[PDB]
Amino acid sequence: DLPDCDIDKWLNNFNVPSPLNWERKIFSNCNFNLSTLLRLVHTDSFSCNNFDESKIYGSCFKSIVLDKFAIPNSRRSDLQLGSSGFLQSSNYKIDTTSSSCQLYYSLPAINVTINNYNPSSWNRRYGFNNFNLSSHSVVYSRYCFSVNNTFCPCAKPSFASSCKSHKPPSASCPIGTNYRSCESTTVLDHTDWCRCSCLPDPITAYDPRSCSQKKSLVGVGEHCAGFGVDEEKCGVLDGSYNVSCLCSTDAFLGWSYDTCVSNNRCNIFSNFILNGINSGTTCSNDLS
């Protein structure tokens, strides 16, 4: 009397996330046929790691956890197990320690709409807007940066107003955050050349320890902590405390996009994590 897991219905949902905002669904206490599943989704490839694929048939699991996202065409090879490419460094790490299977499938492009969303709350706090891209453009991060909850990317207006040369943009930082660190420097034809942190940018930072944005490979189960921001593009020149600290659109670095479409279908990936083989009530009915 347990219901069908309906895994195919979720995989075939026309709202497909990108790797940046990959979607997990946990299936449990339900019946499924792997044989039917591989037919109802236009499967290109299904294979398993740390697990004998033939053993799914007729088995029960505590739960089955799927993580899905559309594939940017140029980055498909990033999904090879252990790949150091962009997708697994900075969007979704395929855990090689679990019992897992990797599914490559596709949907007719005419129905798919890619849902792009930046999961980083600190990016969004400092002005990251919804993406404005074509409906099959798939966003992926190239670099992720983590920050403390006290992070603010803007120089302090009162510091900037003392800079005679190379004034940084400035704005008020939210209550509970710390202003961007800056120093007045001497260069051979300027005596108040202000130099702040994360220069030239967080990706190429000369002094990574002094840059508050910390390069962060995604861990198992994690989303990108955030795109790095060019702090010279957060705030405004001569910005006072009456301006709220925000970063311009071009301040957010180290991300790209590509279409998922080839031969009029959008290519999609789902990871499968098999939890607790020979227990629970997530059961294959393939042998019944």
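Each form is matched to the other, and the largest set of C-alpha atoms that superpose within 1.5 Å is called the rigid core. Sequential numbering from 1, following the sequence displayed.
Peer 1: Stretch 203-211 versus stretch 185-193: after rigid core alignment, which one is farther off in C-alpha RMS in 4 other deposited structures of this protein?
Peer 2: Clearly, after the core fit, the stretch farther away in 4 other deposited structures of this protein is 185-193.
Peer 1: Determine, for 115-123 and 158-166, which one has C-alphas that on average lie farther from this form in 4 other deposited structures of this protein; superpose on the rigid core first.
Peer 2: Farther from the shown form on average in 4 other deposited structures of this protein: 158-166.
Peer 1: Look up the CA B-factors in the entry and say which stretch, 163-171 or 120-128, has the higher mean.
Peer 2: If you average the C-alpha B-factors of 120-128 and of 163-171, the larger mean comes out for 163-171.
Peer 1: When the Cα temperature factors in the entry are averaged, is it 132-140 or 206-214 that ends up higher?
Peer 2: According to the PDB entry, the answer is 132-140.
Peer 1: Taking the values straight from the PDB record, which of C245, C30, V229, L66 has the highest C-alpha temperature factor?
Peer 2: Among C245, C30, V229, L66, the highest C-alpha B-factor in the entry belongs to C30.
Peer 1: Among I114, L107, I71, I94, which carries the highest Cα B-factor?
Peer 2: Comparing C-alpha B-factors across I114, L107, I71, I94, the top value belongs to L107.
Peer 1: With respect to C-alpha B-factor, does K156 fall in the lowest, middle or highest third of the chain as deposited?
Peer 2: Within its chain, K156 is a middle-third residue by C-alpha B-factor, going by the deposited values.
Peer 1: What third of the chain, by the recorded C-alpha B-factor, contains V220?
Peer 2: CA B-factor rank for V220: lowest third.
Peer 1: Can you tell me whether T185 has a C-alpha B-factor in the lowest, middle or highest third compared with the other modelled residues of the same chain?
Peer 2: For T185, whose C-alpha B-factor we compare with every modelled residue in the chain, the answer is the middle third.
Peer 1: Compared with the other modelled residues in the chain, in which third is the CA B-factor of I277?
Peer 2: It falls in the top third of the chain.
Peer 1: How does the C-alpha B factor of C234 compare with the rest of the chain: lowest, middle or highest third?
Peer 2: Its C-alpha B-factor belongs to the lowest third of this chain's values.
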